[PDB]
């Protein structure tokens, strides 16, 4: 009654039983409900490593989740049995200078679900620090709670860039990260332009609230005309550009289309190296800021969904049961135009 998706090494993902975990003083036991998957899980799956972070031993996969509190540790007072929660996957050490200064996402001893060597939550049951489980209101479904993990990445990128009323935001890309950036940016009051290769997801981008959408593929069109097309579609240049592609041509465009004194947020995760025109950035004081997951963003993401400002449910294109996890990853690995977010439900 605790089937779990265990990754043994590249391409060896096995669905097998695991003992049911027991909650420490400060933790809660969760009966998982939904678990979304992203490129990061897929990458661990194909190559058995997503960086210098290598899967040396079998590791439960999964980090975008929600579930119901079944049991709580002694000192847990804010959550009780039956509470529905979204799981913020990164639990920091709470004692280094990064945690004391409010930057726990940069904690060096951070334990992040499904980042070797720490087990994820694509299982029937999971134990997690209580302070990182956000109680959900009656009008927010468990599925929506699972989507708070990627929406928080968008919230984090908006907050680091200072997105607000009067900001014009250009989101490059319309895959899931680009779409949550549209949602977060619109929720923050920005005017948003969304650029992408697929006319189909630009359609979702529009339903997400993008004010202007443009079919753009820098592999086909020159950068110069892509830029003018974008400049002509709006007033001034965007003062915040969010690159969700990691692609150097897109980053070069981001740098060249961003308004003087504005910012380019890197959320994509490039190849390894990119050849870019940093000189152009300096000449107009464009700042280039990285976004790494989230920090105290979950509560805002939850408020965006709870108040009705962000429909994140429309992001789920495919749904699979835990037994079909491998099929789920395949659907995620293929990345078809009709594929946005792949979701795995866990209740038996």
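Positions refer to the first chain, counted from 1.
- Legend: mean Cα B-factor per stretch from the PDB entry, 273 to 281 versus 86 to 94; the higher mean is in 273 to 281.
- Set 115 to 123 against 259 to 267 and average the Cα temperature factors; 115 to 123 ends up higher.
- Across the residues 78, 134, 103, 159, the deposited record lists the maximum Cα B factor for 78.
- Across the options 298, 292, 45, 34, the residue with the most elevated CA B-factor in the record is 45.
- When the modelled residues of the chain are ordered by C-alpha B-factor, residue 67 sits in the middle third.
- The entry lists a Cα temperature factor for residue 207 that places it in the middle third of the chain's modelled residues.
- When the modelled residues of the chain are ordered by their C-alpha B factor, residue 229 lands in the middle third.
- Among all modelled residues in its chain, residue 55 ranks in the highest third by Cα B-factor.
- Ranked within its chain, residue 287 lands in the lowest third, by CA B factor from the PDB record.
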